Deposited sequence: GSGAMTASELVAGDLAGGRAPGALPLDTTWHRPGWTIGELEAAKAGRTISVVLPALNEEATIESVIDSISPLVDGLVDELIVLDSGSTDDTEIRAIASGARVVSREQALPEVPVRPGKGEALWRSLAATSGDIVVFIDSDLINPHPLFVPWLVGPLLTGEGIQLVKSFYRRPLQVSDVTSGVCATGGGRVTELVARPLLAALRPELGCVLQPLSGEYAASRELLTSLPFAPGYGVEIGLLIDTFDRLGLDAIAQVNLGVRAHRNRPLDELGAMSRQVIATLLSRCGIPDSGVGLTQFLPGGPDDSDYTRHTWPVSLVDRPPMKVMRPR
């Protein structure tokens, strides 16, 4: 049903490069306070630059640590959200950063890799672009690998409301690649909703045959607090309900620490980047 590559792809980098056929490739690393891991991520990919990869940027999303200086010292082009699109005031969240990154790149193909990876494989990018390069009509490639939000919230909600996407193992995965034509044609959900939004919109518009998923081997759970997962789940839900035509209250999740706190949720997507042309 869904083109799934279960084992190590066999394509060599030179085959893949040859297969580009004039198409270009941009790589985007969104980054918010990832000073510990950003350089390792950049280094895993920079040997591809001027070859398979035509372009690499770090999309810095307001870091106040050493993310930017360290990315620069690893030879990466670093682009702030403001620089990506300076006529338009910056909103918080991941989705804003990824959407803005479209204005700061020009590749026919765009690859996203999270900047929080601990020793990422140097073949992530080649493995992700394979189906886009080699085939016809694949426009989106998702990764999978051996989380709580994914397995308790997103996958069960998909089974409930878009069971056709039940075969996708990591719908929330931060590692994926897509054609510019697709990406600039889709709205971008705010915050942590962006991946699930892109997947449902992609499916609704082109169906499964435009989607592939590739095995990246092994990944281990980021350690983050429960409360951040709470807010994340809320935004994933808001984005998922909206794509399925269901009205969301717009009310943020409240949590009680013995004290009460309400986290922000957003029901506002960014429009297709195409309108900004």
query	finding
Coordinate gaps, deposited numbering	1-24, 171-187, 299-306, 327-328
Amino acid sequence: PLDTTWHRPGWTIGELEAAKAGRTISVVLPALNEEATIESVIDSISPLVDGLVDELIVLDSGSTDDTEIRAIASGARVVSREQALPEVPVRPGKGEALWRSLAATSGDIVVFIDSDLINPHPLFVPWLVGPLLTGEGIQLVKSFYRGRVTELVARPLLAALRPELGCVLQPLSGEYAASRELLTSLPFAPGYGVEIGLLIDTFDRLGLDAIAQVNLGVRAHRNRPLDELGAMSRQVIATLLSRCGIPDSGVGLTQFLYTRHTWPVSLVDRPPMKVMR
From here on, numbers count along this sequence of modelled residues.
property	result
Between 25-33 and 205-213 (mean CA B-factor, as deposited), the higher	205-213
Mean temperature factor over C-alpha atoms, higher-scoring stretch between 224-232 and 36-44	224-232
C-alpha B-factor winner, where the candidates are 145, 192, 176, 188	145
Which of 93, 120, 156, 75 ranks first by CA B-factor in the deposited coordinates	120
Assigned third (lowest, middle, highest) for the C-alpha B factor of residue 115	lowest
Residue 268, C-alpha B-factor rank within chain (lowest, middle or highest third)	middle
Third assignment of residue 98 from its chain's C-alpha B-factors	lowest
Ranked C-alpha temperature factor of residue 141 among modelled chain residues, by third	lowest
Within-chain third of residue 237 by Cα B-factor, per the entry	lowest
